[PDB]
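Chemist: Below are the structure tokens for one structure; questions will follow.
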Amino acid sequence: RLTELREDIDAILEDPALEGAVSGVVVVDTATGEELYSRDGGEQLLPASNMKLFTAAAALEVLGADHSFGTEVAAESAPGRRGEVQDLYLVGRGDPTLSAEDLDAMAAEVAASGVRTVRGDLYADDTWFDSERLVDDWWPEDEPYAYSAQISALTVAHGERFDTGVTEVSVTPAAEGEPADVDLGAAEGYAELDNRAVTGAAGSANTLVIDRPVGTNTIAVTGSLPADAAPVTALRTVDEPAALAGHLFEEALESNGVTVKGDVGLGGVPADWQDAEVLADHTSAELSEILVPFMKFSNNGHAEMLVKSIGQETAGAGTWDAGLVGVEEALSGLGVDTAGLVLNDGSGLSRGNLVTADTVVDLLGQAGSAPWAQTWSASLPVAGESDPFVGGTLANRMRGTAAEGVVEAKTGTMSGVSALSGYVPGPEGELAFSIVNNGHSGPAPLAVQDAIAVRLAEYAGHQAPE
Ligand SMILES: *[B@](*)(*)[C][N]C(=O)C1=C(O[C])[C]=[C][C]=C1O[C]
Ligand SMILES: [Mg+2]
Ligand SMILES: [Mg+2]
């Protein structure tokens, strides 16, 4: 039954949801290298979040499994016996997992080293990366949303999920007629506020909108939230992440008993300082452990940052240009043919990326025998698993099918794009697969993708847990 499997995929692909759509599909046995199936394998397509497959691959190469990202605090000289220090610098180096308690535990160290007073200004130094925040062809109307958060070297991640450059916004109703309450989260007194929202009557029209008007740093809230409505929480992106990190640090410094007499802003370590005094540091977890919340959940902010820290290592420049050449190179050096690949970001958000499916499977093949093979696969969403940090974006897909708990694969989906590629490990040889499609008019053909993935898990020697 190998001819018979082809019959099946051929049929699953005649689906009426793939109308006008160029789908590209490859399936490869790892152990025997035999090509199980190939349809439009060398066609050039937009890979959405599948691009992260390449990014994460090059990130383990250029940076290693053992790489950590540093964050430090700097004055000109040690703190006065009086207590006094001048201008102080919160300086990040591309930690994609920097938290609020992490900031606070840095603010401890500044107090716990003899600082009682900053008489000067507080500066945020995200100069490890350049200040180009968004890729050329990202859509301005997407900017308000998490997947489109601005790129800095020094960005405060939010939550267990380490969503970068963002703020949680809570909107609670009051009584009907009164305007709604609006919590700006971290960005309280950093981000501007326009609150035109209102509490509507009990059980009425919920028409609440949250948006950050393009090219401002105002969170703007409109519409009605009914009085009996369960409180609304929303992640929004703020302008200049690093400056918010500076603000959250001013706040951290104050509660940790350190006065700041000046302002918060952006600015670099003057370089006209000789033996600059580092009075607080912080190391992030290793890359292997950061791969988890990144790949599992498909973190965009993370990928770009990694690209930029790749350009750092190889070239000494957190540039998108620099990094992407670095991503290109690492891949080449890993044995993968980068002919059909066009690189434009690390997250695959941009519609100016291109991958062939043959290339995906190529990379899946290769990464399957690198030293970091085991950390790389640990991070890929596992099909049908309830546990968010395991299921990832495959938590509520393929449950109770041959696929469940078997298929590690990365999703990706945009208007007009979708991909699902990864491994199907079984008794009948390790399996690598790629499913990438564009052109479809309806919803992302997840039913079609799932169907292919499951049938492979069956072929590999698997059965549904019912
Ligand atoms: B890696 C999975 N990510 C995505 O599919 C994705 C979004 O999540 C819903 C949003 C925007 C882009 C995107 O992938 C490119
Ligand atoms: Mg605040
Ligand atoms: Mg099974």
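Residues in the structure tokens are numbered from 1 in each chain, the chains being A, B, ... in the order shown, and ligands are numbered from 1 in the order shown.
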Can you pull out every residue with an atom within 7 Å of ligand 3? Use only C-alpha atoms and all ligand atoms and format it as a PyMOL selection string.

Modeler: chain A and resi 402-406+462-465

Chemist: Could you write those residues out with N, CA and C atoms, as a PDB file, in the first residue's frame?

Modeler:
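What ended up in out_10.pdb:
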```
ATOM      1  N   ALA A 402      -5.380   9.374  14.007  1.00  0.00           N
ATOM      2  CA  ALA A 402      -4.035   8.801  13.948  1.00  0.00           C
ATOM      3  C   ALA A 402      -2.944   9.846  14.180  1.00  0.00           C
ATOM      4  N   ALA A 403      -3.272  11.114  13.933  1.00  0.00           N
ATOM      5  CA  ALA A 403      -2.296  12.198  14.022  1.00  0.00           C
ATOM      6  C   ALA A 403      -1.948  12.605  15.447  1.00  0.00           C
ATOM      7  N   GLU A 404      -2.915  12.506  16.358  1.00  0.00           N
ATOM      8  CA  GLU A 404      -2.756  13.044  17.717  1.00  0.00           C
ATOM      9  C   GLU A 404      -1.489  12.545  18.387  1.00  0.00           C
ATOM     10  N   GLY A 405      -0.756  13.480  18.990  1.00  0.00           N
ATOM     11  CA  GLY A 405       0.452  13.172  19.746  1.00  0.00           C
ATOM     12  C   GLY A 405       1.591  12.598  18.929  1.00  0.00           C
ATOM     13  N   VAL A 406       1.389  12.510  17.612  1.00  0.00           N
ATOM     14  CA  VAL A 406       2.379  11.952  16.686  1.00  0.00           C
ATOM     15  C   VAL A 406       3.041  13.032  15.837  1.00  0.00           C
ATOM     16  N   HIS A 462       0.116   4.270  12.505  1.00  0.00           N
ATOM     17  CA  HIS A 462      -0.577   4.877  13.630  1.00  0.00           C
ATOM     18  C   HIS A 462      -2.091   4.724  13.523  1.00  0.00           C
ATOM     19  N   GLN A 463      -2.756   4.748  14.676  1.00  0.00           N
ATOM     20  CA  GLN A 463      -4.201   4.579  14.766  1.00  0.00           C
ATOM     21  C   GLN A 463      -4.783   5.600  15.746  1.00  0.00           C
ATOM     22  N   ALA A 464      -6.001   6.049  15.457  1.00  0.00           N
ATOM     23  CA  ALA A 464      -6.718   7.001  16.305  1.00  0.00           C
ATOM     24  C   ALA A 464      -6.923   6.485  17.732  1.00  0.00           C
ATOM     25  N   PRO A 465      -6.575   7.304  18.737  1.00  0.00           N
ATOM     26  CA  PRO A 465      -6.932   6.959  20.107  1.00  0.00           C
ATOM     27  C   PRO A 465      -8.393   7.295  20.431  1.00  0.00           C
TER      28      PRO A 465
END
```

Chemist: Which residues come within 6 Å of residue 68 in chain A, counting only C-alpha atoms, excluding same-chain residues fewer than 2 positions away, as a PyMOL selection string?

Modeler: chain A and resi 284-286

Chemist: Could you write out the selected residues, including N, CA and C atoms, as a tab-separated table (two decimals), in the first residue's frame?

Modeler:
```tsv
chain	number	residue	atom	x	y	z
A	284	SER	N	18.99	35.76	30.06
A	284	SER	CA	17.78	35.02	29.72
A	284	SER	C	18.09	33.53	29.59
A	285	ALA	N	17.04	32.70	29.66
A	285	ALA	CA	17.18	31.27	29.42
A	285	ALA	C	17.89	31.02	28.09
A	286	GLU	N	18.33	29.78	27.87
A	286	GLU	CA	19.05	29.43	26.65
A	286	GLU	C	18.11	29.33	25.44
```

Chemist: Show me, as a tab-separated table, the residues of chain A having an atom within 6 Å of ligand 1, each with the closest atom pair and its distance in Å, using only C-alpha atoms and all ligand atoms.

Modeler:
```
residue	atom	partner	partner_atom_place_in_ligand_line	distance
A:48	CA	ligand 1	15 (C)	3.8
A:49	CA	ligand 1	15 (C)	3.7
A:147	CA	ligand 1	11 (C)	5.4
A:298	CA	ligand 1	1 (B)	3.7
A:348	CA	ligand 1	15 (C)	4.8
A:349	CA	ligand 1	15 (C)	4.0
A:411	CA	ligand 1	2 (C)	5.0
A:412	CA	ligand 1	5 (O)	3.3
A:413	CA	ligand 1	5 (O)	4.1
A:414	CA	ligand 1	12 (C)	5.9
```

Chemist: Which of these, A:243, A:373, A:12, A:27, has the shortest distance to residue 359 in chain A once you count only C-alpha atoms?

Modeler: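 Of A:243, A:373, A:12, A:27, the one nearest residue 359 in chain A, counting only C-alpha atoms, is A:27.
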
Chemist: With only C-alpha atoms and all ligand atoms as the basis for distance, which of A:458, A:385, A:183, A:329 is at the shortest distance from ligand 2?

Modeler: A:183

Chemist: For residue 460 in chain A, list every protein, DNA or RNA residue within 10 Å, evaluated using only C-alpha atoms, and leave out those in the same chain fewer than 4 positions away; present the list as number ranges by chain.

Modeler: A: 29, 402, 424-431, 454-456

Chemist: Point out the residue among A:207, A:224, A:393, A:350 with the least atom-to-atom distance to residue 142 in chain A, counting only C-alpha atoms.

Modeler: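 Distance minimum relative to residue 142 in chain A lands on A:350.
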